[PDB]
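Visitor: Sequence first, structure after, both from an experimental entry:
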Amino acid sequence: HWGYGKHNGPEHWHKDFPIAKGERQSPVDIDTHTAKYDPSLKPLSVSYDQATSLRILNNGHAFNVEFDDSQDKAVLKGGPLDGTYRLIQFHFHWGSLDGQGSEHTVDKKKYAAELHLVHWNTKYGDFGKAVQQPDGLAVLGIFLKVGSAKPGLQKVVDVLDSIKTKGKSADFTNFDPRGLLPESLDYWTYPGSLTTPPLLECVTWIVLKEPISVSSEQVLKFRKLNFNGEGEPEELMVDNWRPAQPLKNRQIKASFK
Ligand SMILES: NS(=O)(=O)[C@@H]1O[C@H](CO)[C@H](O)[C@H](O)[C@H]1O
Ligand SMILES: [Zn+2]
């Protein structure tokens, strides 16, 4: 099926998912000199105090840390968002080298990796219904650069050995996502889509200006994961990022000057 290889990568997705060449695809390059400061934007509210993590799974494309989204425990509000969005999972996109890995770029600059915290609009009842709506999801994107270690990320790094291959999952309770956030919540925002098939155009992207730092050792452990399932030939899980797409008829707004 779809993947990130030469024969099933991003360049091939449009054949099975024509929306890949749609009007509001992601990711995009954020040209800081074209983004418009919007003083009308409300303060961004990240309420992850009651976040309830459940499990970590290797899905063959990346690994997802899933949360219990049966109640308004961990939510995202404010900013360009109207209503309440519940956190359902987070995952990363990374490269084979430190100079690549992020999906969004800033003035064409690529970061080593990108964290995506996925939330769905509660007004729609469930995730499945939400992805069918133009304002169904809100994804918080955080860039990762190689430098000092990120304490809040080490817990995730410590369990990767237990989910090396596709299909593997491990218990991952009591994890605090607040430990993955940078100091500043300044951001850019624009209407976009999921960056992996089905590429649905249901996402309000909120990309933070300030990247978080992770150690070389931490990123290396991400690169030890496998795209393949147990027993199959090894294919290192690296470069699971989609390149920037045309901005077309869209404007990127900034929460800061
Ligand atoms: N990369 S992405 O747009 O957040 C994409 O979203 C999908 C729907 O939530 C799934 O979570 C994919 O795992 C994720 O990569
Ligand atoms: Zn993602």
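Guide: Okay, I see it. Numbers count the residues shown, from 1 in each chain. Ligands and ions are numbered 1, 2, ... in the order given.
Visitor: When you work out contacts or count neighbours from here on, use the C-alpha atoms and nothing else.
Guide: OK.
Visitor: near ligand 1, which residues of the chain?
Guide: 116, 194-196 (Cα under 6 Å from any ligand atom).
Visitor: Save these as JSON lines, and put in secondary structure, neighbour count and distance to residue 169 too.
Guide: What follows is the residues of the chain next to ligand 1, written out as JSON lines (DSSP: H, G, I helix; E, B strand; the rest coil; neighbours: other Cα atoms under 10 Å; distance: Cα to Cα, whole Å):
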{"residue": "116", "secondary structure": "strand", "neighbour count": "21", "distance to residue 169": "19"}
{"residue": "194", "secondary structure": "coil", "neighbour count": "22", "distance to residue 169": "23"}
{"residue": "195", "secondary structure": "coil", "neighbour count": "22", "distance to residue 169": "23"}
{"residue": "196", "secondary structure": "coil", "neighbour count": "20", "distance to residue 169": "21"}
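Visitor: Just the closest of the residues you listed to ligand 1, please.
Guide: Nearest to ligand 1, judged by Cα to the nearest ligand atom, of those is residue 194 at 3.1 Å.
Visitor: Please enumerate the strands of the stretch 101-250 of the chain.
Guide: Along the stretch 101-250 of the chain, the stretches classed as strands by DSSP state E, counting those that start in this stretch are 105-106, 113-121, 137-146, 169-171, 187-192, 203-208, 212-214.
Visitor: would a markdown table of the ones you listed with distance to residue 129 be doable?
Guide: Below are those laid out as a markdown table (distance: least, Cα to Cα, whole Å):
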| stretch | distance to residue 129 |
| --- | --- |
| strand 105-106 | 30 |
| strand 113-121 | 9 |
| strand 137-146 | 10 |
| strand 169-171 | 26 |
| strand 187-192 | 17 |
| strand 203-208 | 13 |
| strand 212-214 | 32 |
